[PDB]
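*Asks:*
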Amino acid sequence: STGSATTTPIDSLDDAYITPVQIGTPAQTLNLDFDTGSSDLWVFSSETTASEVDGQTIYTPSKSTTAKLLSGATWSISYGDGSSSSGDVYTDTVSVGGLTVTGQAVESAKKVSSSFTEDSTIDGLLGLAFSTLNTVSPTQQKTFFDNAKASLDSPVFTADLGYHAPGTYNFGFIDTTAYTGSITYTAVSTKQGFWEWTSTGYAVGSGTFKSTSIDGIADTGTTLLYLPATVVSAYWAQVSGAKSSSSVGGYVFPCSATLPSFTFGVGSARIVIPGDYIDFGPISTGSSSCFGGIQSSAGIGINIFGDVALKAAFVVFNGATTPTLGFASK
Numbered sequence: 070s071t072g073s074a075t076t077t078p079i080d081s082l083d084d085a086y087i088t089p090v091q092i093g094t095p096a097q098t099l100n101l102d103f104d105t106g107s108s109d110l111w112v113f114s115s116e117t118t119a120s121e122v123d124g125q126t127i128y129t130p131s132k133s134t135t136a137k138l139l140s141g142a143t144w145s146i147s148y149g150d151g152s153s154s155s156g157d158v159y160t161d162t163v164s165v166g167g168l169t170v171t172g173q174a175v176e177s178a179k180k181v182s183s184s185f186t187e188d189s190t191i192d193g194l195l196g197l198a199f200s201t202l203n204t205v206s207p208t209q210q211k212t213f214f215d216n217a218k219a220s221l222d223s224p225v226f227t228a229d230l231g232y233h234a235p236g237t238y239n240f241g242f243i244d245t246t247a248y249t250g251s252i253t254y255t256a257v258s259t260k261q262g263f264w265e266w267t268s269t270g271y272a273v274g275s276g277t278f279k280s281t282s283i284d285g286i287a288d289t290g291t292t293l294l295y296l297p298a299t300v301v302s303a304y305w306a307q308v309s310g311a312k313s314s315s316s317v318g319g320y321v322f323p324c325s326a327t328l329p330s331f332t333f334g335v336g337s338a339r340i341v342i343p344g345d346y347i348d349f350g351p352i353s354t355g356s357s358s359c360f361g362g363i364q365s366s367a368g369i370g371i372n373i374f375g376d377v378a379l380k381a382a383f384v385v386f387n388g389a390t391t392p393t394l395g396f397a398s399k
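Last residue of the sequence shown? That's 399 in this note's numbering, and every number before it is there in order.
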């Protein structure tokens, strides 16, 4: 079996992408953020503190004839400012683009951090990292992809994110009409539970390609591209007037500048990120300073190939017993 669903940017800057997901019987459709950087499927629900819900569509387990409370199970996911989203757990039927999984753990949020409350377009997250990162206690739960793996024609899913445009998540097959040339596959390390791989280098604009190993994670749940300080400094040095700003928390550049492209290596292949993809607009309304899409990972501790990088490619998440990551131009 296979599944296919359209994913849509939530705003004009492509800050995140939402994908409609059917939960329960009869179906309740929520718009979830597909996140290959986490492993929990959690949703706003009828159990969420009513003051923390501001326009989101909520999942109502009492109206689903197939929902079952998972007795004694809880979940808790930690965030940047010490904030956390947490709640209890149900199992229910979950369908993505015609692909149906029964008995999927649906984590119902009892409280969410303010950052999710502020974002009325995201009803929850669907984690697609490896199941060892799932936070359900005392019994860890499997991701949607893990539960679907057996019935999929092929144990893969693909991300085809659009630039200021809709895109596609496919499960169980590789659409050979969605990319050009060949798919280059590269090894994945699962030791930390991420889709972790090693880029073979980078180039800024039409400069020389620099062969250097960059270990990082493919994370559809992160907007920007976070790379080592040496790489990021080399990029922004080519943008006249660009500087690192502590008040803003990253590199800013004059909005009138034209940004060079950024190339990253996948084996012997090269993925080119157009310079327009790196422009994330004014830091505040009316400002002439614009926020950059390539930022330093020094404070993060891990390099993250986020949406800025992934939307420049057709990306295959191959969940075979030896997992790999595929990249193709499109």
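Even for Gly, the Cβ is constructed at its ideal location relative to N, Cα and C.
Could you tell me whether the region 176-191 touches the region 362-378, where touching means 3 or more Cβ pairs closer than 8 Å?
*Replies:* No contact exists between the region 176-191 and the region 362-378.
*Asks:* In this structure, does DSSP put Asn-239 in helix, strand or coil?
*Replies:* Taking the first residue of the sequence shown as position 1, residue 239 is located at position 170. Strand, per DSSP.
*Asks:* How is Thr-227 classed by DSSP in three states: helix, strand or coil?
*Replies:* Translated into the one-based positions of the sequence shown, residue 227 becomes position 158. In this structure, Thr-227 counts as strand in the three-state DSSP scheme.
*Asks:* In chain order, what residues of the same chain lie with their CB nearer than 8 Å to the CB of residue 53, ignoring the 5 residues before and after it?
*Replies:* For the chain, the structure presents residues 70 to 399; residue 53 sits outside this window and is missing.
*Asks:* Using the DSSP secondary-structure output, state which residues sit across from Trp-111 in a beta bridge.
*Replies:* By one-based count along the sequence shown, residue 111 stands at place 42. DSSP output for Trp-111 lists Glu-176, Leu-194 as bridge partner(s).
*Asks:* Using a Cβ distance threshold of 8 Å, determine whether the region 129-145 contacts the region 198-214, with at least three qualifying pairs required.
*Replies:* The region 129-145 vs the region 198-214: in contact.
*Asks:* Exposed or buried, which one is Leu-230 when buried takes at least 16 other CB atoms within 10 Å?
*Replies:* Translated into positions along the sequence shown, residue 230 becomes position 161. Classification of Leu-230: buried, given that the 10 Å Cβ count is 16 or more.
*Asks:* When you compare only the Cα positions, how much space is there between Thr-162 and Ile-352?
*Replies:* Mapped onto the sequence shown, residue 162 falls at position 93. Mapped onto the sequence shown, residue 352 falls at position 283. Roughly 42 Å between the two C-alpha positions.
*Asks:* For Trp-264, which residues in the same chain have their Cβ closer than 7 Å to its Cβ, ignoring the five residues on either side in sequence?
*Replies:* On the sequence shown, position 195 is the one that residue 264 refers to. If we look at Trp-264 and ignore the five residues flanking it on each side, its Cβ neighbours are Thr-105, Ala-198, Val-257, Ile-286, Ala-287, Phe-386, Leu-394.
*Asks:* Could you give the distance in angstroms between the alpha-carbon of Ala-381 and the alpha-carbon of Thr-160?
*Replies:* Residue numbering aside, residue 381 sits at position 312 when the sequence shown is read from its first letter. Residue numbering aside, residue 160 sits at position 91 when the sequence shown is read from its first letter. C-alpha separation (whole angstroms): 36 Å.
*Asks:* Going by DSSP in three states, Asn-372 sits in which element: helix, strand or coil?
*Replies:* Walking along the sequence shown from the start, residue 372 turns up at place 303. Correct three-state label for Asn-372: strand.
*Asks:* Within its chain, find whatever has a CB closer than 6 Å to the CB of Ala-85; leave out the 5 residues flanking it on each side and keep chain order.
*Replies:* Translated into the one-based positions of the sequence shown, residue 85 becomes position 16. Cβ neighbours of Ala-85 beyond the five flanking positions: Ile-79, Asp-102.
*Asks:* Beta-carbon separation of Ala-74 and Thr-88 under 9 Å?
*Replies:* Within the sequence shown, numbered from 1, the residue matching residue 74 stands at position 5. Within the sequence shown, numbered from 1, the residue matching residue 88 stands at position 19. A contact, by the Cβ cut-off of 9 Å.
*Asks:* Please name the residue in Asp-192, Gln-97, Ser-302 whose C-alpha comes closest to that of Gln-364.
*Replies:* To locate residue 364, count along the sequence shown from 1; it is residue 295. The shortest Cα separation from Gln-364 among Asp-192, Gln-97, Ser-302 belongs to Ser-302.
*Asks:* Starting from the Cα of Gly-310, find the closest Cα among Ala-219, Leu-328, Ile-252 and give me that residue.
*Replies:* Sequence index remark: in the sequence shown, residue 310 carries index 241 (1-based). Ranking the options by Cα distance to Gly-310, first place goes to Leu-328.
*Asks:* Go ahead and label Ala-272 buried or exposed: buried means 16 or more other beta carbons lie within 10 angstroms of its beta carbon, across all protein chains shown.
*Replies:* Start at 1 with the first residue of the sequence shown, and residue 272 comes out as number 203. Classification of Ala-272: buried, given that the 10 Å Cβ count is 16 or more.
*Asks:* Please name the residue, chosen from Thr-227, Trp-305, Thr-186, that lies closest to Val-321 on a Cα-to-Cα basis.
*Replies:* Reading the sequence shown from its first residue, position 252 is the one you call residue 321. Cα-wise, what sits closest to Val-321 is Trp-305.
*Asks:* Which of the three DSSP states, helix, strand or coil, is assigned to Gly-344?
*Replies:* Position 275 of the sequence shown, counted from the first residue, corresponds to residue 344. Note: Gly-344 maps to helix in three-state DSSP.
*Asks:* Let me know the secondary structure DSSP gives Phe-185 once reduced to three states.
*Replies:* As a working mapping, residue 185 is identified with position 116 in the sequence shown. In this structure, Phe-185 counts as helix in the three-state DSSP scheme.
*Asks:* So, helix, strand or coil for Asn-387, using DSSP?
*Replies:* Residue 387 sits at position 318 when you count from the first residue of the sequence shown. Three-state DSSP puts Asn-387 in a strand.
*Asks:* By how many angstroms is the C-alpha of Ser-115 removed from the C-alpha of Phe-226?
*Replies:* To locate residue 226, count along the sequence shown from 1; it is residue 157. To locate residue 115, count along the sequence shown from 1; it is residue 46. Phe-226 and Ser-115: Cα-Cα distance of roughly 31 Å.
*Asks:* For the beta strand (DSSP E) holding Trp-266, just list the boundary residues, first then last.
*Replies:* For the purposes of this step, residue 266 is identified with residue 197 of the sequence shown, where counting begins at 1. 265-273 is the span of the beta strand (DSSP E), which, as asked, contains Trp-266.
*Asks:* Should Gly-370 go down as buried or exposed, given a rule of 16 or more other Cβ atoms within 10 Å for buried?
*Replies:* Looking up residue 370 in the sequence shown gives position 301. Looking at its Cβ environment, which holds fewer than 16 other Cβ atoms inside 10 Å, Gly-370 is exposed.
*Asks:* Taking the beta carbon of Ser-81 as the centre, do at least 16 other beta carbons fall within 10 Å, making it buried, or is it exposed?
*Replies:* Counting from one through the sequence shown, the residue named residue 81 turns up at place 12. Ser-81 is exposed by the Cβ-count criterion.
*Asks:* Within this structure, are the beta carbons of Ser-200 and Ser-108 separated by less than 9 Å?
*Replies:* Walking along the sequence shown from the start, residue 200 turns up at place 131. Walking along the sequence shown from the start, residue 108 turns up at place 39. Yes, the Cβ-Cβ distance between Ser-200 and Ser-108 is below 9 Å.
*Asks:* So, is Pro-235 buried or exposed, given that buried needs 16 or more other C-beta atoms within 10 angstroms?
*Replies:* Here residue 235 is taken as the residue at index 166 of the sequence shown, counted from 1. The residue in question, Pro-235, is exposed, as its Cβ has fewer than 16 Cβ neighbours within 10 Å.
*Asks:* Please report how far the alpha carbon of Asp-150 lies from the alpha carbon of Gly-368, in whole angstroms.
*Replies:* Position 81 of the sequence shown, counted from the start, is the residue given in the question as residue 150. Position 299 of the sequence shown, counted from the start, is the residue given in the question as residue 368. Between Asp-150 and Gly-368, the C-alpha separation is close to 14 Å.
*Asks:* Hey, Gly-274 and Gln-307 are a contact pair by Cβ (cut 8 Å); roughly how many whole angstroms apart?
*Replies:* Numbered from its first residue, the sequence shown carries residue 274 at position 205. Numbered from its first residue, the sequence shown carries residue 307 at position 238. About 6 Å; that satisfies the 8 Å criterion.
*Asks:* Have a look at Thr-277 and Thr-332 and give me their C-alpha separation to the nearest angstrom.
*Replies:* Walking along the sequence shown from the start, residue 277 turns up at place 208. Walking along the sequence shown from the start, residue 332 turns up at place 263. So the alpha carbons of these two residues sit roughly 10 Å apart.
*Asks:* Measure how close the beta-carbons of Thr-292 and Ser-280 come, nearest whole angstrom, since I'm counting them as under 8 Å.
*Replies:* Your numbering for residue 292 matches position 223 in the sequence shown. Your numbering for residue 280 matches position 211 in the sequence shown. In fact, because the Cβ distance is near 28 Å, the residues do not count as touching under 8 Å.
*Asks:* Along the chain, where does the alpha helix (DSSP H) containing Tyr-304 start, and where does it finish?
*Replies:* Reading the sequence shown from its first residue, position 235 is the one you call residue 304. Per DSSP, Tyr-304 belongs to the alpha helix (DSSP H) from 298-305.
*Asks:* What do you get for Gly-318, buried or exposed, if any count of 16 or more other CB atoms within 10 angstroms of its CB means buried?
*Replies:* Taking the sequence shown and counting its residues from 1, the one referred to as residue 318 is at position 249. Exposed is the call here.
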